[PDB]
Ligand SMILES: OC[C@H]1O[C@H](O[C@H]2[C@H](O)[C@@H](O)[C@@H](O)O[C@@H]2CO)[C@H](O)[C@@H](O)[C@@H]1O
Ligand SMILES: OC[C@H]1O[C@H](O[C@H]2[C@H](O)[C@@H](O)[C@@H](O)O[C@@H]2CO)[C@H](O)[C@@H](O)[C@@H]1O
Ligand SMILES: OC[C@H]1O[C@H](O[C@H]2[C@H](O)[C@@H](O)[C@H](O)O[C@@H]2CO)[C@H](O)[C@@H](O)[C@@H]1O
Ligand SMILES: OC[C@H]1O[C@H](O)[C@H](O)[C@@H](O)[C@@H]1O
Ligand SMILES: [Ca+2]
C-alpha cells in the first residue's frame, strides 16, 4: 500500500440493501437466506436506509420503528450485522433511485420563512432535505429522531455494527447543486444553493460579523458597496466560477458556504453521539459525495464541486475529525478521464480525499458510485481500497450480486477478503549500505507488482541477518510475490531470484520463509 504499508487490518466488506423495503422485493425467509449467502461470500454487514419519511410520517413525535425492528430481527436470524443509515433525506429523484419517500410533509410547516429549503441561482426550489442553515429545527427534529430510534432499537444493539447519518441529499453532506429540475445534472456545472431570503441574510450577517461594518467590508473586498443590502451571494454563478472565486469576496463567500456544511457536521455528530454512544457504543459516520465532473475544466475549475459545497476538502475533513465521525467516499470503481466535456477525475479525487483522511487519522470507508457489472471494476476498487488504507468497502447494490452468482464469486475473491497478519521472511538478500527491501505481489493487497507507490516495506533483522515484517494478507487466497531491493535513491536494484507464492494464505498467523 501507500507509504510502504499494507492493507488495513480492519477491512470489512459491506452490502448495500435495496432502496425499497424488503417486503416489496421478496419475503423475509428468502431475505434471511440471501444474508447467509452474502456472509458466505465475505460480507460482514448489510447497510440499510431507514427513511425519515417512514419513521415519523404522521406527525411530530409520531414514530413508527416497526419496519426497522422487523428488519433487524431478520438480520439477527441470519446471524449477520447491520449498519442503519438514519436517512433524513428524500428517497427518489437522485441517480439510481427507485423509491418515493419524501421527508415528513409536516416538517415544512414549522416555519413561515424560507429557512427550511434551498433555492438555486435561478430560483429552483429544493426540498429533498432540511437546509443546514436551520440549525434550530435540525437540532430539534434530528435530536428527537435519533433518541427515539436509539430507544426503539436498543434490543438489537448486538446486530448494529455501526450507525450512519444523512448529512444532506442522497445521504451525503452537500448542497443539492446537481439536479434535473435545476438543469445541473451530470455532467453540468453545479448551481449555488444559497438564494433563499434566509440564506442571503445569514451570509450578510456573517460578513458583517467578520468585518464589523460595511466600510470594513468594502475595505477588505476592495469593493464599493453602497449599502449592507448589497452584500449578496454570486449573481452569476458561472462568472463566479470562472474567476470571481479568486477574489477576497469569493474566498469569503466560499468559506461561509462550505462553513455551513462544516457546522452542520459538528451538530449532527453531537446529536448522534449524545443519542447512541452509551446505548450502542458503535462508530458513527457520514458521507461525502464524489463530485468528480468538471474537476479540471479550465474555464470553471471544480465547477461541480464548489456549488456542491466542496472548496477545501482539508478543512472539510477537519470538521469530521472534530465531530468524531468516520468518513465514507465513493467512485472507488472509476478511473480518470479529464477530457472535454465531463472533465471527470474520480480516481484523482479519491486519492486526494484518502491521503487527507489518512493524514488526519480519519477512518476511511468507500463505496462504488454506479452498479458494477464486470470483474474489471472490482479490480479498480481493490486497488484503491487496499492501497489507500480503506477500513471498509460497501457495495451498491444488493441485487447486483445476489442474483448473479458469477459476479458474486468474483466479488468474494477480490473484495470479500478477511485480512490476516502473516510474517514474511526473506533470507540471503544481497543488500548494501542504504538499501531497503520491499515485497510486491500480484493481488491489489500486495500492490499489484508496483514498485513505485504501493510496495510493502520489510525490516532488517540484525540478529538472524534477514529481512522480515508482519504483513496483512487476504486469508485463503492464492498469491504470488517477490522481494526486491530499493537503492537509497529509490531505484529498483534487483529482484528475488524465484517468484514466491502461498496457495493459499492460511487463516492462522504463521510465516512464509524464502531465499533471495
Ligand atoms: O456582495 C458583493 C457582491 O457579490 C457578488 O459579486 C461578486 C461576484 O459574484 C464575483 O464573481 C466577483 O466578480 O466579485 C464580485 C464582488 O466584487 C454579487 O454578484 C453582487 O451582487 C454583490 O453585490
Ligand atoms: O511488472 C509485472 C511483473 O512483475 C514481476 O516481474 C519482475 C521479475 O520478477 C523480476 O525478476 C524482473 O524481471 O523484473 C520484472 C518486472 O519487470 C512479476 O514476477 C511478474 O509476474 C509480473 O508480471
Ligand atoms: O442506499 C444508500 C443511498 O443510495 C443512493 O445514493 C448513493 C448513489 O446511488 C451513489 O451513486 C452515490 O455515489 O452515493 C449515494 C450515497 O450512498 C440513494 O440516492 C440514497 O438516497 C441512499 O441513501
Ligand atoms: O450525479 C449522479 C451520478 O452522475 C453520473 O452518473 C456519474 O457518473 C456518477 O458518478 C454520479 O453518481
Ligand atoms: Ca420530532
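Using Swiss-Prot numbers, chain A covers 31-546, in order.
If you check the header, you will see the structure was determined by X-ray crystallography, 2.1 Å.
Cβ coordinates come from backbone N, Cα and C, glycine included.
What Swiss-Prot records for 202 is active site, proton donor. Reduced to three states, the DSSP call for residue 202 (active site, proton donor) is strand.
Here Swiss-Prot flags 397 as active site, proton acceptor. In three-state terms derived from DSSP, residue 397 (active site, proton acceptor) belongs to an extended strand segment. Taking the Cβ of residue 397 (active site, proton acceptor) as reference, residues of its chain lying under 8 Å away and at least six apart in sequence are, in sequence order, 46, 317, 358, 359, 360, 362, 423, 424, 425, 426.
According to Swiss-Prot, the feature substrate binding site maps to 79, 119, 127, 317, 322, 360, 398, 399, 427, an assignment based on experimental evidence. Same-chain residues at least 6 positions away in sequence with a Cβ under 8 Å from that of residue 427 (substrate binding site) are, in sequence order, 46, 47, 48, 49, 126, 401.
Take the CB of residue 171 (Ca(2+) binding site) and look out to 10 A: across all protein chains shown you find 22 other CB atoms. Secondary structure at residue 171 (Ca(2+) binding site), taken from DSSP and collapsed to helix, strand or coil, is helix. What Swiss-Prot lists as Ca(2+) binding site is 86, 90, 91, 171, 174, and the listing cites experimental evidence.
Among the features that Swiss-Prot reports, disulfide bond is placed at 121-129, with the record citing experimental evidence. Other Cβ atoms within 10 Å of the Cβ of residue 121 (disulfide bond) number 23 in total over all chains.
Residues of the domain 'CBM20' (444-546) grouped by DSSP class, helix first, strand second and coil last, total 4 helix, 49 strand, 50 coil. According to Swiss-Prot, the feature domain 'CBM20' maps to 444-546, an assignment based on sequence analysis.
For the recorded site, residue 91 (Ca(2+) binding site), the DSSP three-state label reads coil. A Cβ distance below 6 Å to any atom of ligand 3 is met, among the recorded positions 79, 121, 127, 171, 174, by 79, 121, 127. Around the Cβ of residue 91 (Ca(2+) binding site), a 10 Å sphere holds 10 further Cβ atoms from the protein chains shown. Comparing Cα positions, residue 129 (disulfide bond) lies closest to 79 out of the recorded positions 79, 91, 171, 202. Rounded to the nearest whole angstrom, the C-alpha distance between residue 202 (active site, proton donor) and residue 121 (disulfide bond) is 12.
Taking the mean position of the Cβ atoms of 86, 90, 91, 171, 174 as the Ca(2+) site, the remaining same-chain residues with a Cβ inside 8 Å of that point are 89, 92, 93, 134, 170, 175, 178.
Each of the binding-site residues 79, 86, 90 was scored by the other Cβ atoms within 10 Å of its Cβ; the lowest score goes to 90. Annotation for residue 127 (substrate binding site): spatial neighbours 49, 121, criterion Cβ-Cβ under 8 Å with sequence separation of six or more.
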